[PDB]
Amino acid sequence: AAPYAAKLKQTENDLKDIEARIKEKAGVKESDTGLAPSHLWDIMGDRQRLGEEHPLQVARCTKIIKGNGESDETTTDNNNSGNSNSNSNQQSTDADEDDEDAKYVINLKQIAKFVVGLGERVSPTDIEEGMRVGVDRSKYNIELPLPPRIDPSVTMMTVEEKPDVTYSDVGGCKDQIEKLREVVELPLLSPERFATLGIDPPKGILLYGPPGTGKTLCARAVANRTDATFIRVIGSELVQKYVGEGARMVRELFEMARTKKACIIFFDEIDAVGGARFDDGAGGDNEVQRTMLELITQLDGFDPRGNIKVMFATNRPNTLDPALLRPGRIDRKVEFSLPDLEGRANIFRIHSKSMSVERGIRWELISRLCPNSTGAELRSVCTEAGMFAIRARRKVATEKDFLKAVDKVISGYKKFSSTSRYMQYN
Amino acid sequence: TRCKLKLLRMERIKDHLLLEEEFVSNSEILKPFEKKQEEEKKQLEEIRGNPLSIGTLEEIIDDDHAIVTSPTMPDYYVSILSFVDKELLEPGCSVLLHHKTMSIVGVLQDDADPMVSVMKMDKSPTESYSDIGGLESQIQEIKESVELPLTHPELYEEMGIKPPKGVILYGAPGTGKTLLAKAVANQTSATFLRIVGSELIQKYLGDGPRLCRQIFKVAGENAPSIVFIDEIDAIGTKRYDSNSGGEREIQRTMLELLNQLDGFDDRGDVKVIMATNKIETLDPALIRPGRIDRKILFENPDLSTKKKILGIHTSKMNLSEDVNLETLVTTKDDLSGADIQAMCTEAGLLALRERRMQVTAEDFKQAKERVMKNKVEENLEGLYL
Amino acid sequence: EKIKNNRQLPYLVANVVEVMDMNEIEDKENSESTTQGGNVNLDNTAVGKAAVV
Ligand SMILES: Nc1ncnc2c1ncn2[C@@H]1O[C@H](COP(=O)(O)OP(=O)(O)OP(=O)(O)O)[C@@H](O)[C@H]1O
Ligand SMILES: Nc1ncnc2c1ncn2[C@@H]1O[C@H](COP(=O)(O)OP(=O)(O)OP(=O)(O)O)[C@@H](O)[C@H]1O
Ligand SMILES: [Mg+2]
Ligand SMILES: [Mg+2]
C-alpha cells in the first residue's frame, strides 16, 4: 500500500504542525494600549484611582417622601404619615426636631431600596422621580444627579423632523389618504367651522393594516404637506420600558412637541411598549402597562390641543387599550388595504423611475399581469427583474424582463395548491 | 503517486518554515526598543491592578465619565481615564475595569465574548464550489443575490437598482441547503459566521437580547461578511414551555433579531442567511418582502439532478463496470440527495459483509432496495390500482 | 441620642409580612413557646413580640 500509506502519515504531520503553529501565534498579540496623548492623562490618573471619588453606584428614584411628615420619629406619632409637612416641629414630646425634607427613596440596579440624604450640590429642585442619581460605594447620600433614564440620545435617532416624503413617493390616491387629509390639515387651517357645527375637531387617527401597504409612507407624506415638524417614536424599535422607563420615553417627546407649535406626535408600532399588557398572558408583564397609563393621560391633558395633532400607527387594533378607542384619543380609523390596478401601476412607476431601463415600457401593462398585491411585493418584482437583467447582460430590463419576474412569485402560489389549469388554452 | 508528492513539496517546506519563523520572531520583536514604549507599558501595569473585573459600556457621557453595566449587580458611573481615549471607545463595546475603584483603563477586547467565539469559525468549508453535483439552478440564484454584490457592485449601479440583502433557504431535509451556503462562502473568500440561532436560547432569562445585538455588531466590524444564522425555526412563532421558565425568552429574542437586520440600512454588503425547515415553523410575516430577497424552495432531485449526485459517489468507490450508471437510476425512484448517499454507504458495508475489495453487482442491487423500504408509500399506486 | 444615630440616614427599606405577638408566662416562664426556666422579658431574652419583615 506504499503509494498512499506513506503519503498518508506525511499529510497528517503537516496538519498537526499547522495546529501547533496557531497556538504559538496567538500567545503573543499586538502591544499594548499605550498612546502618547493618554500618557499625560496618567498624571491625574493615579490620584483619582487611589482616592475615594469613584465609582458612584447608579441608583434612580422610585418613591418620593417628604422628609417631614414622613413618620421618621415614631415616639408619640401615629400611622405611617404625619401632617405632610410637620411631624417633629409641633411637638417635642418626640424630643426631637428636624428640618429635613425631600429625602427620597432610591432603587439600585441590584434591586435594593434605600433612603438617602442630599449632598451640597443637591436641592429638592435638582431631583425628581425617575431621575438617575449617583450615590456612594459605602454609606449612601446623593452627590450628583444624572439626567433621567437611558432614553436621551437613543430617542433623537428615531425622530426625524420635516420628512423628505410627499404624495409622490406613495402610489395610489387612496380612500384612506383622502380621510387622512381631513384629520391633520383641515382643523389646523380653520378651527372655526368645527366649532360652529358643534363637533370637536378630529385629531386622533389610527393607521392600521396588513404589512407592506405603506401606512408609514402616507403618514410621513402629510407631515411634510401640512408643513409641520415631525416627531417619531417607534415602540417596537425602542424597547426601553423597565419600571416606567418607557413612560419617560413617551413623556419627553410629547413634552417637547407641546413646547413647540405646529407638531405631529407620531406613535408608531405600539403593539409592544405602551400596548397590550401580559398580566392575562403567561408573560406576566405590566411594565408595558406603565407606558400605556402615561400615554392616555398625556392626550387627555393636552386637549384642546391648539392644533397640534397626535397620530397613531399600530399594525393591529387588537393591541390597544379600549381607553384609546374612546373618543378624544382616537377619532378616525383607517384600514390600509391592497391598491387598485392603477394604484399598483403607480408603485411600479416609482420603483422603475430609480432604475435605468429602456423607456418603451408601460406601467399599466405590467400591473395587469400582476394580481392584487402589496407594495412590498411590487418592490420585489423590480429588484428580481434587475437581477435577471444583468445576468442576461442587458443594462436595461425590457418589458419582457419584468414578466419573467412577476411569474416566479405566482408559480410559488401554484406549488402550494395544485398546478396546471384550463387557462393554457382559454 | 507523483502529484500527492507535489502537494507535499509545496506544503512541507513553506508551512514548516512558517512555524519556525514565528518562534524566533517572538524573541526578535523585543530587541529593537529599550525605552519609551517599555516605560509606558511599565506604568500601564502599575495603574492596572490584578485582577480586572469585566465591564460592558452602556454609554459615554462627554465630560470624562461614562456609565457601565457590569456582571456586578449595581451599575457604576465610571470615569474614562488613563491610556484610553473618549474616541477609542464606542458604545456597546466591552471595556476593562479596575477592581478597587471601577474606571475604564482601556479596551483589549472590542466585542470579544464567548458567543462571538462560537460564531466566528476558522474551519475549512466542507464543499468548495459545488463539489457534489445536483442543484445547479438553485445555486445560480443564491449567487445572484449574495456573491454577485460582493464580487461586482458596479453592475447594479448601471442598472440603477438597489442591491439585494439576504436569502432564505427552506423546504426539504437531505438536499444540502446548509452545504450550498458553505460552498458560496468559500467561492467568494468571505467571512463566514456559523452561528446557530438555537444557541442564544437558554432557561435563564434576560440573557438573550444581548446575543442578538452582538451578532449584528461583530458582522459589521469584519464586513464584508456572510452571516448564516442556521435553524431560526426553533425561535419562531412557537413557545418554550406552556408552564413557565421561558414565556418571555422566544418573544424578545425573535423581535430583537428582525430589528437590527433592517436597522443597519438596506445593505448589500452584509448578507444574512436564514436556514429554516419551513415558514410554518416561523411567524407568517417575517420582515417581510422587498428586503429579504430572495426565497429559495428546495424540493427533491429529479432524474437529471439525482444522476449528477450519484456519479460523484460511485467513482470514488471500487468498480462501475459491473452495473451501468443508468441501471442505478432506473431502479431508484425520486428521493432527496441523502437517500442517494445512503445507498452508496450501505453498498460499501455490503462489500465488507462479503469481504470483498470490490463493490460487486450483488452489493449495488441490495443497497438500492434497502433505502426504498424506509421511506415508503404505495397508496399512490393503490388509489390508482 | 443613641436612637437618633440609627434614625439618621441611610437605612434599608423593607416591608412587614406579618406580626407575631406573645406575652410573658406562656407556659409558666418566657414569652417564647419553648421550655426553659425564668427570663420573663418582652423580647430581650424571650422573644415573642416580633415582626417578620
Ligand atoms: N405606497 C408606496 N409607494 C411606493 N413603494 C411602496 C409603497 N408602499 C410600499 N412600498 C414599498 O414597500 C417598501 C416597504 O414597505 P413600507 O415601509 O412602505 O410599509 P408599511 O406597511 O408601513 O410597514 P411595517 O410593517 O414594516 O411598519 C417601501 O420601502 C417601498 O419600496
Ligand atoms: N447541490 C448540492 N449541494 C450539496 N450536497 C448536495 C447537493 N445536492 C444534493 N446533495 C446531497 O445531499 C446530501 C444531504 O445533505 P444534508 O444532509 O446536509 O442536508 P440539509 O438539507 O442541509 O439538512 P437538515 O434539515 O438535516 O439540517 C449531501 O450529502 C449530498 O449527498
Ligand atoms: Mg411601517
Ligand atoms: Mg441543514
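By the numbers in Swiss-Prot, the shown part of chain A spans 42-467.
When the header is checked for method, it gives electron microscopy, 6.1 Å.
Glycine is treated like the rest: Cβ placed from N, Cα and C.
Taken from Swiss-Prot, the feature ATP binding site covers A:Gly250, A:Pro251, A:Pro252, A:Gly253, A:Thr254, A:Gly255, A:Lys256, A:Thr257. The compositional bias 'Low complexity' annotation in Swiss-Prot covers A:117-134. For A:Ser164, A:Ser231, the entry in Swiss-Prot reads phosphoserine, with the evidence type a large-scale study or a structure entry. For A:108-140, the entry in Swiss-Prot reads region 'Disordered'.
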Note: in the chain of A:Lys256 (ATP binding site), residues six or more apart in sequence with C-beta under 8 angstroms of its C-beta are A:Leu248, A:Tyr249, A:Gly250, A:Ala354, A:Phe377
At a CB cut-off of under 8 A, do any of the recorded positions A:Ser164, A:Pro252, A:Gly253, A:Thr254 come close to chain B? List them or say none.
A:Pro252, A:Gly253
Near-site residues: ATP, ref A:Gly250, A:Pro251, A:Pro252, A:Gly253, A:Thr254, A:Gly255, A:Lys256, A:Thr257, CB cutoff 8 A to centroid
A:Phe377, A:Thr415, A:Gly416, A:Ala417
Specify the count of other C-beta atoms within 10 Å of the C-beta of A:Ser164 (phosphoserine).
10
By a 10 A CB contact count over all chains shown, which of the binding-site residues listed here is most packed: A:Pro252, A:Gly253?
A:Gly253
Minimum Cβ neighbour count within 10 Å among the recorded positions A:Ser231, A:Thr254, A:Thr257: which residue?
A:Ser231
Given the binding-site residues A:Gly250, A:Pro251, A:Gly255, which one's Cβ is surrounded by the fewest other Cβ atoms within 10 Å?
A:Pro251
C-alpha spacing of A:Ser231 (phosphoserine) relative to A:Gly255 (ATP binding site), in angstrom:
29
Intrachain neighbours beyond the compositional bias 'Low complexity' (A:117-134), with Cβ under 8 angstroms and 6 or more residues off its ends
107, 109-111, 140
Checking proximity to ligand 3 here: which binding-site residues out of A:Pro251, A:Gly253, A:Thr257 have their Cβ closer than 6 Å to it?
A:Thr257
Cβ under 6 Å from ligand 1: which of the recorded positions A:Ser231, A:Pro251, A:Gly253, A:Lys256 qualify?
A:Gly253, A:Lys256
Expressed to the nearest Å, what is the distance separating A:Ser231 (phosphoserine) and A:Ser164 (phosphoserine) at their Cα atoms?
46
Please report how many Å separate the Cα atom of A:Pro252 (ATP binding site) from that of A:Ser164 (phosphoserine), as a whole number.
51
Tell me the Cα distance separating A:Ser164 (phosphoserine) from A:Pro251 (ATP binding site), rounded to the nearest angstrom.
52
For the region 'Disordered' (A:108-140), what does DSSP give as the number of helix, strand and coil residues?
0 helix, 0 strand, 33 coil
In whole Å, note down how far the CA of A:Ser164 (phosphoserine) lies from the CA of A:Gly253 (ATP binding site).
52
For A:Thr254 (ATP binding site) and A:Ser164 (phosphoserine), determine the Cα separation and express it in whole Å.
53
Given A:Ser164 (phosphoserine) and A:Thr257 (ATP binding site), what distance in Å do their CA atoms have, once rounded to a whole number?
45
